[PDB]
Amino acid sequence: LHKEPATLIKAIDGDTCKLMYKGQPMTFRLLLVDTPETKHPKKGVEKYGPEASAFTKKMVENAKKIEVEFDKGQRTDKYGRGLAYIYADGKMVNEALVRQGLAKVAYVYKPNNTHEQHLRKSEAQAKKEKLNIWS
């Protein structure tokens, strides 16, 4: 895969944010994970939703560097959102959330699953430590 610089525009929730990419603002959705809902009335404000939002927000706002890393399949979803692994100062936000028990590994659609095993391994650790979503 290949990392590319991006610039934080606005953090939306635990797994969605707006970034300035290649000169254009665009909204991104983290690959292979799912943080709890805080918007959509169908899901309502799910537990740990606000926690995941705060974790992500903090991590991306205090970063000196943000990088996007597309996987090997499609780069956008049906809503026009960019699909990527996002790094804040070299740390993958996707993994950071899973490791804390603030997200579950989800929407694993190949071939966009290069980091699936790494992420699951962290989810297992968060799980055995009964962290947040797993408590």
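Just count from 1 along the sequence shown to find any residue number.
Peer 1: Do the CA atoms of 39-47 or those of 77-85 have the higher mean B-factor in the entry?
Peer 2: Going by the record's values, the stretch with the higher mean is 39-47.
Peer 1: Go through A54, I66, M92, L32 one by one and give the residue whose Cα B-factor in the PDB entry is largest.
Peer 2: Among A54, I66, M92, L32, the PDB entry lists the largest C-alpha B-factor for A54.
Peer 1: Thinking about Cα B factors across the chain, which third does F70 belong to?
Peer 2: For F70, whose C-alpha B-factor we compare with every modelled residue in the chain, the answer is the middle third.
Peer 1: So where's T16 on the chain's Cα temperature factor ranking, which third?
Peer 2: Its C-alpha B-factor, which the entry lists for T16, ranks in the lowest third among residues of this chain.
Peer 1: For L1, return the chain-relative third of its C-alpha B-factor as stated in the PDB record: lowest, middle or highest.
Peer 2: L1: CA B-factor falls in the highest third of its chain.
Peer 1: Among all modelled residues of this chain, ranked by Cα B factor, put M59 in the bottom, middle or top third, i.e. lowest, middle or highest.
Peer 2: According to the entry, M59 has a C-alpha B-factor in the chain's lowest third.
Peer 1: Among the chain's modelled residues, which third holds the C-alpha B-factor of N132?
Peer 2: As the PDB entry reports it, the C-alpha B-factor of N132 lands in the middle third of its chain.
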